[PDB]
Structure formats: C-alpha cells, structure tokens
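Residue-level structure breakdown
Chain residues, written in single-letter form:
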Amino acid sequence: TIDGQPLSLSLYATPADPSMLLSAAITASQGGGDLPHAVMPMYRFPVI
Amino acid sequence: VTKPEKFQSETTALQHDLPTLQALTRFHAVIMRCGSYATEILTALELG
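Procedures and definitions
Residues numbered from 1 in each chain as written, not as in the entry; some residues may be left out. Chains lettered and ligands numbered in written order. Part of a larger assembly, values for the part shown. Heavy atoms only, no water. Helix = DSSP H or I, 4+ residues; strand = E, 2+ residues; numbered from the N terminus. Buried < 20%, exposed > 50% of the residue type's maximum accessible area, 1.4 Å probe, protein only. Contact = heavy atoms within 4.5 Å. Buried area = accessible area lost by both parts, 1.4 Å probe. Salt bridge = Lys/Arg side-chain N within 4 Å of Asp/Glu carboxyl O. Polar contact = N/O pair within 3.5 Å; in protein donor to acceptor, adjacent residues only side chain to side chain. Nonpolar A, V, L, I, M, F, W, Y, C, P; charged D, E, K, R; others polar.

- Deposited coordinates in this entry are attributed by the record to cryo-EM, at a stated resolution of 2.84 Å.

- The PDB entry annotates chain B as A component of insecticidal toxin complex (Tc) of Xenorhabdus nematophila.

- If you check the PDB entry, chain A appears there as A component of insecticidal toxin complex (Tc) from Xenorhabdus nematophila.

**Considerations on the overall build of chain A**
- In terms of regular secondary structure, chain A is built from zero helices and zero strands.
- Principal axes of the C-alpha set define a box for chain A whose edges measure 115 × 20 × 10 Å.
- Every one of the 48 residues in chain A was classed for burial, and the buried ones make up 2%.

**Focus: the interface of chain A and chain B**
- Each partner contributes to the interface: chain A provides five residues, whereas chain B provides seven residues.
- In total, about 490 Å² of surface goes out of reach between chain A and chain B, with carbon and sulfur atoms giving 71% of it.
- It is A:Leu22, A:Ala24 and A:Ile26 that lose the most area in chain A upon contact with chain B, and together they represent 76% of the buried surface on that side.
- On the surface where chain A and chain B come into contact, there are zero salt bridges.
- The tally of links from chain A across to chain B stands at zero residue pairs in polar contact.
- Looking at the side of chain A that touches chain B residue by residue, the classes come out as three nonpolar, two polar and no charged.

**What about the side chain of B:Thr20?**
Residue and element names in this part refer to chain B.
- The topology assignment puts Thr-20 in helix α1 (residues 18-34).
- Of note is the side chain of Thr-20, whose polar atom sits 3.3 Å from the backbone oxygen of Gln-15.
- Setting aside residues up to four positions removed in sequence, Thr-20 forms contacts with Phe-7 and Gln-15.

**Here's the deal with the pattern of salt bridges**
Residues and elements named next belong to chain B.
- A complete count under the given rule lists one salt bridge over all chains for this structure.
- Between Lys-3 and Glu-46 there is a salt bridge, with the nearest N and O atoms lying 3.8 Å from each other. Residue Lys-3 is found in the segment before α1, and its partner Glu-46 is found in helix α2 (residues 38-46); the two are separated by 43 residues along the sequence.
- Judged by its relative accessible area of 43%, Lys-3 falls in the partly exposed class.
- Of the residues examined, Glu-46 reaches a relative accessible area of 46% and is grouped as partly exposed.

Structure, rendered in structure tokens:
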C-alpha cells in the first residue's frame, strides 16, 4: 500500500496433527518341561 | 543378544556402546509403532 503493507494476505498453513501413541505387548514362549526319569519306590501304591 | 547378525550385519556381538543404545531405542520405537503385528514382525525377523 502507500505505507508498505500488503493487499493480498499471507498463508497460514495447517500445523501437524497430534499423533496417537502406540505400544505393543510382544510375547515369548518357553516350552514345556521334559518329563523326568521314573524311579520305582519300595512302598505300595496308597503310601506313595 | 543371541543373534546379533539380525541387529547389524557387521556386529557379531552386541556391544555396550552409546550408538548401540540409540539403535536399541529406534528398534524398540519401530516395534511399538508396529502395534498388533509387532510380535509377528519380530518372529519374521527371527527368520528371514
């Protein structure tokens, strides 16, 4: 203008959106235990 | 720890460095960014 001020206004672009925070419950695997060696007792079945 | 080749192809033993710590951070960030597929991406990275 006569003072040096613009006629066509400036751009005001859209800022970045707030994101959604993400996590994860990652999982592992330990196997089952190997069954041991059986030992014959000296007592009968009700006692042992 | 057990497969440091899956971390970087030159490593062959995971280090106690600060760049290794920063890369662990980026690794954890991308895994938690994967969301529900994260353990699936990890078990695919276990394999090739």
